[PDB]
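Undergrad: Chains as they are written, first to last, in the UniProt record's numbering: chain A, 2 to 161; chain B, 2 to 161; chain C, 2 to 161; chain D, 2 to 65; chain E, 820 to 963; chain F, 1 to 161; chain G, 1 to 161; chain H, 2 to 161; chain I, 1 to 161; chain J, 1 to 161.
All C-beta atoms in this analysis are idealised placements derived from N, C-alpha and C, irrespective of residue type, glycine included.
Structure below; questions to follow.
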Amino acid sequence: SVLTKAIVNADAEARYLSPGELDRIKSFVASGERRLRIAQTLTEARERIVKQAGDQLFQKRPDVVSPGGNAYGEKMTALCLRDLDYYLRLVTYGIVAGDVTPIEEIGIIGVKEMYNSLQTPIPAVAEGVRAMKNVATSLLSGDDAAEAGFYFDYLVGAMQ
Amino acid sequence: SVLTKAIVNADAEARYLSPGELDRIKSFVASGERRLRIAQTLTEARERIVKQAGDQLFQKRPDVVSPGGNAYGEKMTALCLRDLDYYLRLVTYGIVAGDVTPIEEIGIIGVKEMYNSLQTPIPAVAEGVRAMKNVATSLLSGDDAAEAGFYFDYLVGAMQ
Amino acid sequence: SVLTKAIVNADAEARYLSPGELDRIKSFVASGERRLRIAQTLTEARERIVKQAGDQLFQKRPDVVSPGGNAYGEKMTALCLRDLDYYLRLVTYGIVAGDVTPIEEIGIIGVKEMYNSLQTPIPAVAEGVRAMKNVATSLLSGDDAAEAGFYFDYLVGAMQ
Amino acid sequence: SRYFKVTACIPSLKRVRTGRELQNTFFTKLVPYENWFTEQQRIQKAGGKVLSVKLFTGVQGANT
Amino acid sequence: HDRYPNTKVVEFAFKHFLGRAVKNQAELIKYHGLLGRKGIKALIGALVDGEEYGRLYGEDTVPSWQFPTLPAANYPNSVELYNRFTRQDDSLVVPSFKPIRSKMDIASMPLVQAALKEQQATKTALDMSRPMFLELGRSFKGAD
Amino acid sequence: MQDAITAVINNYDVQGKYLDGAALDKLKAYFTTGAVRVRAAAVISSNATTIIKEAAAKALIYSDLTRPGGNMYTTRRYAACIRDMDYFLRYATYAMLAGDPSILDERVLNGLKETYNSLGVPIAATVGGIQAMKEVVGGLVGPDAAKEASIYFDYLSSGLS
Amino acid sequence: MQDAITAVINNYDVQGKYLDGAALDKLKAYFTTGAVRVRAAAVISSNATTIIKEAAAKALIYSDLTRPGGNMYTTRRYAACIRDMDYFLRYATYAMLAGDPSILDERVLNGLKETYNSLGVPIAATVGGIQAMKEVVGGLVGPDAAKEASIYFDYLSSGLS
Amino acid sequence: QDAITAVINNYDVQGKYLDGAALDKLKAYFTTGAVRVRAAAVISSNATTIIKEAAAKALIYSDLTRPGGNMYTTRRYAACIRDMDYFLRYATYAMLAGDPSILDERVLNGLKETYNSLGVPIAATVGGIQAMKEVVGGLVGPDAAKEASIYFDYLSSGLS
Amino acid sequence: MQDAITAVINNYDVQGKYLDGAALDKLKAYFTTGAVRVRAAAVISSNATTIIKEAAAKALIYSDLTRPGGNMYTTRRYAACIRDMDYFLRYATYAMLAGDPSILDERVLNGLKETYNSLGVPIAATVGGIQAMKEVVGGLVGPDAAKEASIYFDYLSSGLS
Amino acid sequence: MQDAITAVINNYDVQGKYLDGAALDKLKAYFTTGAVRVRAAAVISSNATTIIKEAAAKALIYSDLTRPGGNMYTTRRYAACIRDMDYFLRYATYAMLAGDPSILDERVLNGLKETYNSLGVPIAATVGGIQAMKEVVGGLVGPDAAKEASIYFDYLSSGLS
Ligand SMILES: *[C@H](C)[C@H]1/C(=C/c2[nH]c(/C=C3N=C(/C=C4\NC(=O)C(CC)=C4C)C(C)=C\3CCC(=O)O)c(CCC(=O)O)c2C)NC(=O)[C@@H]1C
Ligand SMILES: *[C@H](C)[C@H]1/C(=C/c2[nH]c(/C=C3N=C(/C=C4\NC(=O)C(CC)=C4C)C(C)=C\3CCC(=O)O)c(CCC(=O)O)c2C)NC(=O)[C@@H]1C
Ligand SMILES: *[C@H](C)[C@H]1/C(=C/c2[nH]c(/C=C3N=C(/C=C4\NC(=O)C(CC)=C4C)C(C)=C\3CCC(=O)O)c(CCC(=O)O)c2C)NC(=O)[C@@H]1C
Ligand SMILES: *[C@H](C)[C@H]1/C(=C/c2[nH]c(/C=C3N=C(/C=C4\NC(=O)C(CC)=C4C)C(C)=C\3CCC(=O)O)c(CCC(=O)O)c2C)NC(=O)[C@@H]1C
Ligand SMILES: *[C@H](C)[C@H]1/C(=C/c2[nH]c(/C=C3N=C(/C=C4\NC(=O)C(CC)=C4C)C(C)=C\3CCC(=O)O)c(CCC(=O)O)c2C)NC(=O)[C@@H]1C
Ligand SMILES: *[C@H](C)[C@H]1/C(=C/c2[nH]c(/C=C3N=C(/C=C4\NC(=O)C(CC)=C4C)C(C)=C\3CCC(=O)O)c(CCC(=O)O)c2C)NC(=O)[C@@H]1C
Ligand SMILES: *[C@H](C)[C@H]1/C(=C/c2[nH]c(/C=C3N=C(/C=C4\NC(=O)C(CC)=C4C)C(C)=C\3CCC(=O)O)c(CCC(=O)O)c2C)NC(=O)[C@@H]1C
Ligand SMILES: *[C@H](C)[C@H]1/C(=C/c2[nH]c(/C=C3N=C(/C=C4\NC(=O)C(CC)=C4C)C(C)=C\3CCC(=O)O)c(CCC(=O)O)c2C)NC(=O)[C@@H]1C
Ligand SMILES: *[C@H](C)[C@H]1/C(=C/c2[nH]c(/C=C3N=C(/C=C4\NC(=O)C(CC)=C4C)C(C)=C\3CCC(=O)O)c(CCC(=O)O)c2C)NC(=O)[C@@H]1C
Ligand SMILES: *[C@H](C)[C@H]1/C(=C/c2[nH]c(/C=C3N=C(/C=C4\NC(=O)C(CC)=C4C)C(C)=C\3CCC(=O)O)c(CCC(=O)O)c2C)NC(=O)[C@@H]1C
Ligand SMILES: *[C@H](C)[C@H]1/C(=C/c2[nH]c(/C=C3N=C(/C=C4\NC(=O)C(CC)=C4C)C(C)=C\3CCC(=O)O)c(CCC(=O)O)c2C)NC(=O)[C@@H]1C
């Protein structure tokens, strides 16, 4: 969270929180209510976002759902969609936290290694997240979308 | 300034600026215009602030301007006032920067050693800064005064 | 609903559904999608329909909103408008159902008794419903309005 | 293995030091090629300025 | 290296090149990680290149035992390391940092608890900016 | 009784909520299924006598029940059992059109277990007959209709048992 | 470390559940409390030196500890003890902003007992000092903040003892 | 360091208090700030691609990559793309800062000497930097591009 | 570490005895096995990534562990588990070449149990994974090599448990 | 252990406060709930064997656990698992009467995790069984009682987790 980040910086410096830092905390708590609504919207639309993004991804990458490809077969396709769902849940967590750290610990550290063992292509996963972003953006209002976009972009950056 | 601090943390991590870090930069640039006004006010009132603070200090400490005392004599009294002026200039720099770092490099490192060679009493210098704060606070509006106070307090803390 | 009515008639006769009865069911299912849109339109315009109808009713009947009258006073006027809102909700339910039965159970049985205890004049209530019909008709397309009119007329007939 | 000979000066900005510390301020050193990259960065982060870099050992643009 | 498991190897490296034990589990992960997937020569190289080494030992000072106050278990752990003679005990001072459960829930804390009562009690009342006729028609219990 | 359309309405009415898109979607779902249901109902009505005959042949007849000392022995008892079978079929058809199981509970299911126990009619055999009717019905109605038809038959069976 | 917002998130993550309204309400509760907390923290930071002074006067000083052969005898030991007091205060302030006691466990509480036993620092006296700081802090922060502030101080005390 | 701090430092050597002209420069920076933050986020997300595109434009399909070229062998290829990344990261830092100094302190210092000893070709490196600039310009958009370009040009001039 | 050849030497050295025919035969036995072992080691190194993948598929993945609230849930934990698996494989290969289990004791086995208990990693699941790797390895290496390979895998498993 | 009445008393006693209206209200709340709880407890005791049977059927049996190589394989292990299930049920009933979760902590929850880990009993499966028992219990006790019963079952589950 924003607050955790501020505390951690203070502890490293071995000092009490600066007034400026305190002010940023105040701003964050005010913003939180708006953030909660943005997260709520995505949660409600979650099922459709995943479905739409999946279809887009498969159109963008025929190979992944091909007999050679990792995604191919019912079991495999379900797992690919489950992964997309996981990432969406992480994004919602991020928005409420106001920081990518929650997202980062659960999803972005060791991701390369996990997928390499699975043999899933990382770029395809990134495309899926991009696809989810586009769907999510449409449902969100413009300013809400921008906030959500940042978290989505981070994920795409992480999986690169 | 805040921005420099953010960049430096990123460079140490060898990573691009985090969204949260970027947000703090955004907040700072918005705040800057208000900060500039506060600094401008003190600059205009600078001559009077120094004069008033000097008088208060000399009343508080008769000894410094006494034949034994360091401040005694025209040349010496001028130098004491020059020092007060220097500290005020540093404070203004701090307000615009939004950090004490500018103040700190120019004025607070090796200050003890410098004054000990000069034989100037450090507590008297601190009192002068406190005096300047009180004068400055009166001219500033309450919220502006609080911001200015922090920088003034830091100086007093540093010279202790 | 249409279906409930058909089943009930069949059960009384102790027979399977007649071809004619089956045909009516077929017609209803085709009509339903159109009906859903009509209901949706009124729901969106609900707030304004009630407001406009209320004003018309009060113009038509000065007495109801007069010191003697039941509607008089803010609390009472709100309740009168709430009643109009209730009837509108019932009408929407009716349109989707394709029959007055849903309307009838909630609103038309015991209505006389309830209003007589309240001492509300039944004719004035009918006028309010008529007023709502006129407002609703204007927003609806002509064919849509005719369908809606039937349900509105039933209400007026039920309570007079 | 390639080696780098580096001369760099680092000022003590955080604190005045009673000890002479001439060696810390001004140092010529031999750096393994792999280490130099990291070391160069560390000198930059300190705010020290690297006046001179030379490749003490090995051949430039050698495949092996 | 040769007669110790890779965790104990990271201990010793910390002791010898920084004068400390391992401060936290994140640090254990980073260094133990790099010791796998690279040499011991990488580990050693990372410590001496890192900022801690640079801040305190600089370029010309030989490292020494830090005896740190600060992070938390660091002082007691370091001092157990410093007291052991070579080969006296090979056992890990810190196998790894065990993660800690939560004693108290968020809702038990007073300020939150209060705010919950305020939203929960008098969740349903009268809404302003809502026309009264709509408010009188609104239902409180809803389902059930 | 209740039907699918009215069920949605009633849920909204207790909430006091105006009909919303989510509610509309459920109604829309019913409307698409409706046409299929009407066709199925007509099929069942025309073949009702045969459906009962086939189901009886599958389970009831050529059995101890029909043999002397069995519940369905004697013409009177045999006639009663086939009358009950017809009831179940008619009500299931009604339920299928309605899209709601409630009518079964209100008319058929209520007090039947107790009646049967006093009479000494065997419930498991009756359930068997209902399941047999379902299978026969499934064939005639065709696959899409069969799934819908099956749930009501299963509902009757569960109630009796 | 962990904070209230992250604690909710973590609980949901282990369940794998998306954030729900009940969870949202807890988050909302925290957000309202936040403003109060920030004010309290600023008060504590400004008065930190005095808080420590008062608390020491109440419990530590004018005692056998300060007298020769006591734990707080010698300038070095005296300075160490007041440094520890400051640590406790800073961490408690962090905890109060966070709304979670976890940071205290992760940084302050872990290994403290063992450290103190090796050092020969008296735990009960330290606990006494923490309690004293609490009382002083309660006054400065004011009533609404006080209850919240007290719990973290008590948590530290319980851990040490 | 930073634009704000640069102004402060220039005034400090003069010993002058901050003045309106100085304030105006600071004000100018504050307006530009918001644009810069947006640009930085764009660059961070697209960093991998930016490098890829720039390499494709200049470095690859060239004598350098062919045997006997500077960027021949995997080790050398990897080094060159690592350097490209640093230039991009530092340019992003500079753009946020609004000051070229960080480039001098971090990137530019000791680079020329290192490259000469290595026998890395400066002109080719400059070419790569210019290519990155062009790619970056597209992504950031026109207003941001002008600001971004100056730092890229500064790096190029330093290396040359 | 120690190997077979050195183990024989060390036993003789403590006795102070010169090498004797009985000792020589043990050494001779090792030398014949050696060629097979070298071939096996090369096979394992080439197929290491796949071996781990297959073993994970057999035991670790599609399980509660990978599901939220499981030890191997989250990318970080997943990556850690496969890193551990790789360690076990590499060390087992070393042991097989050496012909001695000692290296496993000196590097892998010592302190692992304690580390795992603090971490909360489940030992039985880890053992399961090791056994799975053994089975996969057995196939690739072929029968003669498999027997030799199996003993080291079993040694690891016994140590952990 | 403690019960709700005693818990209030104990909290007041440490404060040294005489019982106050707020405290009285908590006590009063308990007294109203009491009658319901007694009825629920009697229901659970009578149906205990069945509750366990149903819950086992839902989760434990027809599973890998019961199959050879599973934790609940062999009669001895099967019997142990159902004995543990009974413990959880009995203690939850005690807790429900008491109105306090403390007994669960003092007897059941303390050392259970460690015991299970040594035994190699799977915690998640056990938790699953507890949740299943809760569902069955909920039905029998009826809605008002169910809410009260559920919290203790959930408490056990959270502890084991
Ligand atoms: C006034 C509050 C007190 C006081 C002042 C005093 N100062 C001097 C002489 C010097 N003071 C300084 C200080 C600074 N130079 C810097 O660069 C900075 C940082 C920006 C500071 C604060 C210096 C260096 C001098 C030397 C003269 C010079 O700089 O030209 C004197 C004269 C004593 C002497 O021997 O020079 C005096 C009296 N003395 C008091 O007692 C007052 C409390
Ligand atoms: C004072 C008479 C003049 C002056 C001095 C000055 N020196 C520095 C910085 C350093 N000076 C030294 C010199 C030594 N280090 C040693 O070990 C020895 C021998 C024992 C000497 C004489 C060093 C190494 C430094 C670097 C900093 C450090 O702390 O080591 C400065 C600071 C300049 C800067 O910007 O860093 C100054 C001002 N300069 C004058 O103007 C006086 C005429
Ligand atoms: C012969 C004159 C005619 C004929 C007879 C026939 N009957 C059946 C099948 C059944 N007949 C009965 C009859 C009774 N059950 C009773 O309890 C009583 C009264 C005591 C009677 C009369 C029953 C129950 C059956 C069904 C089978 C069973 O016993 O369980 C058939 C077979 C038809 C079929 O498909 O089941 C036949 C042929 N049919 C003729 O064509 C003759 C004129
Ligand atoms: C045929 C599949 C099975 C069968 C039927 C059977 N039923 C009776 C007698 C009765 N059955 C009923 C049932 C109903 N009465 C109701 O009101 C309703 C719901 C609204 C039902 C469905 C009743 C009340 C009777 C008694 C009076 C009557 O039949 O009108 C019998 C004869 C029992 C007797 O001794 O009269 C039989 C044979 N029994 C079986 O064994 C078949 C499995
Ligand atoms: C006398 C010249 C100045 C003075 C002294 C003063 N001291 C105190 C209180 C304490 N001073 C000590 C000091 C020491 N403890 C040590 O271990 C050492 C080194 C061996 C020293 C010198 C301590 C511990 C105390 C606290 C009381 C205690 O012993 O428990 C006071 C009063 C405290 C108060 O502020 O209330 C005073 C007055 N004060 C002056 O102003 C003189 C200049
Ligand atoms: C073939 C098995 C796979 C494949 C190959 C592929 N390679 C490129 C481009 C390059 N490949 C190299 C490789 C080397 N350069 C070296 O110095 C060495 C070490 C001796 C190697 C192995 C290089 C440098 C390039 C860049 C282009 C250039 O040489 O100038 C491509 C084209 C990609 C592009 O955009 O340029 C491709 C397709 N592609 C597969 O997917 C196969 C599995
Ligand atoms: C790529 C655009 C061109 C290129 C690059 C190249 N560089 C090296 C080796 C090094 N480059 C550096 C440069 C830096 N170190 C720093 O600290 C910074 C600032 C962040 C820079 C820019 C250094 C120190 C090295 C040496 C070790 C290292 O890998 O860092 C090589 C390898 C040359 C060799 O002989 O090994 C190459 C190829 N060369 C090209 O072909 C491009 C035009
Ligand atoms: C979809 C965009 C791509 C794709 C997906 C895919 N994934 C799997 C299997 C798994 N993926 C994960 C991922 C996670 N576990 C976590 O803890 C997190 C963070 C919360 C993530 C993101 C895991 C662990 C698995 C393993 C399955 C298991 O639970 O046991 C598959 C199936 C492949 C397999 O062999 O299991 C697939 C298909 N595949 C593509 O190629 C798409 C681009
Ligand atoms: C995989 C089969 C299982 C699993 C593993 C797992 N391990 C960790 C963390 C660590 N693993 C080790 C182990 C070793 N270090 C050594 O030196 C040796 C001997 C050669 C071993 C085997 C260590 C020290 C760590 C901690 C530091 C690090 O991560 O590098 C984790 C992560 C635990 C966490 O909470 O972060 C996991 C998940 N867990 C499973 O689910 C499998 C049963
Ligand atoms: C057959 C002679 C009688 C009979 C058998 C019967 N058993 C079950 C179900 C189970 N039986 C077992 C028993 C064992 N598991 C073991 O590990 C051992 C020792 C090696 C035994 C004997 C178990 C565990 C089950 C549960 C199902 C499962 O394995 O997961 C049933 C099913 C009834 C039920 O409620 O599950 C039956 C019918 N019962 C009879 O009536 C026969 C006389
Ligand atoms: C059943 C859902 C799961 C299961 C259970 C299982 N338990 C054991 C063994 C023991 N269980 C306990 C537990 C308790 N003793 C207590 O005092 C309490 C609190 C009141 C509890 C919960 C104990 C201590 C034992 C050991 C001694 C004994 O058996 O009595 C086993 C046997 C394991 C073994 O290796 O012997 C089993 C199988 N098994 C499952 O897999 C289910 C998920």
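If you reduce the DSSP assignment to three classes, tell me which class residue 53 of chain D lands in.
TA: If DSSP states are grouped into helix, strand and coil, residue 53 of chain D belongs with the strands.
Undergrad: Using only the alpha-carbon positions, how far apart do residue 134 of chain J and residue 55 of chain J sit?
TA: Going from the Cα of residue 134 of chain J to the Cα of residue 55 of chain J covers about 9 angstroms.
Undergrad: Would you mind reading off the limits of the alpha helix (DSSP H) that contains residue 27 of chain D?
TA: Element bounds for residue 27 of chain D: not the alpha helix (DSSP H) but the beta strand (DSSP E), 27 to 33.
Undergrad: If the cut is a Cβ gap below 8 angstroms, which residues of chain I does residue 13 of chain G touch?
TA: Ordered by position in chain I, the residues that pass the 8 angstroms Cβ test against residue 13 of chain G are 68.
Undergrad: Residues of chain H with CB under 8 angstroms from residue 25 of chain D, in chain order?
TA: Those within 8 angstroms of residue 25 of chain D in chain H number zero; the least Cβ separation is about 19 angstroms.
Undergrad: Taking C-beta pairs closer than 7 angstroms, name the residues in chain A that residue 151 of chain B reaches, listed in chain order.
TA: Within chain A, the residues near residue 151 of chain B are 20.
Undergrad: Quick one: residues in its chain with C-beta nearer than 6 angstroms to the C-beta of residue 94 of chain G, no 5 flanking neighbours on either side, listed in chain order?
TA: Answer for residue 94 of chain G: 103, listed in chain order.
Undergrad: Give me the residue from F:20, F:131, F:27 and F:14 with the minimum Cα distance to residue 98 of chain F.
TA: Out of F:20, F:131, F:27 and F:14, F:27 has the C-alpha closest to the C-alpha of residue 98 of chain F.
Undergrad: Which residues, taken in chain order from the stretch 873 to 907 of chain E, show a beta carbon closer than 8 angstroms to some beta carbon of chain D?
TA: Of all residues in the stretch 873 to 907 of chain E, 873, 877, 878 and 879 have a Cβ within less than 8 angstroms of some Cβ in chain D.
Undergrad: Need the endpoints of the alpha helix (DSSP H) that residue 43 of chain F sits in, please.
TA: Its alpha helix (DSSP H) spans residues 21 to 46.
Undergrad: Please work out which residues of its chain come closer than 7 angstroms, Cβ to Cβ, to residue 146 of chain I, disregarding the five sequence neighbours upstream and downstream, and give them in chain order.
TA: Closer than 7 angstroms at the Cβ level, and outside the excluded window around residue 146 of chain I, lie 138.
Undergrad: Would you verify that the beta carbon of residue 35 of chain F is, or is not, closer than 7 angstroms to some beta carbon of chain C?
TA: Residue 35 of chain F counts as touching chain C.
Undergrad: How would you list, in chain order, the residues of chain A whose beta-carbon sits under 7 angstroms from the beta-carbon of residue 6 of chain G?
TA: By Cβ distance, chain A contributes 2, 5, 98 and 103.
Undergrad: Can residue 94 of chain C be considered in contact with ligand 3, in the sense that its beta carbon sits closer than 6 angstroms to one or more heavy atoms?
TA: Every heavy atom of ligand 3 is 6 angstroms or more from the Cβ of residue 94 of chain C, so no.
Undergrad: Measuring alpha carbon to alpha carbon, tell me which of E:948, E:912, E:907 and E:939 ends up nearest residue 847 of chain E.
TA: Minimum Cα distance to residue 847 of chain E is reached at E:912.
Undergrad: Can you list, in chain order, the residues of its chain with a C-beta nearer than 8 angstroms to that of residue 2 of chain D? Leave out the 5 residues immediately preceding and following it.
TA: Counting only Cβ-Cβ distances below 8 angstroms, and skipping sequence neighbours, we find 33, 34, 58 and 59.
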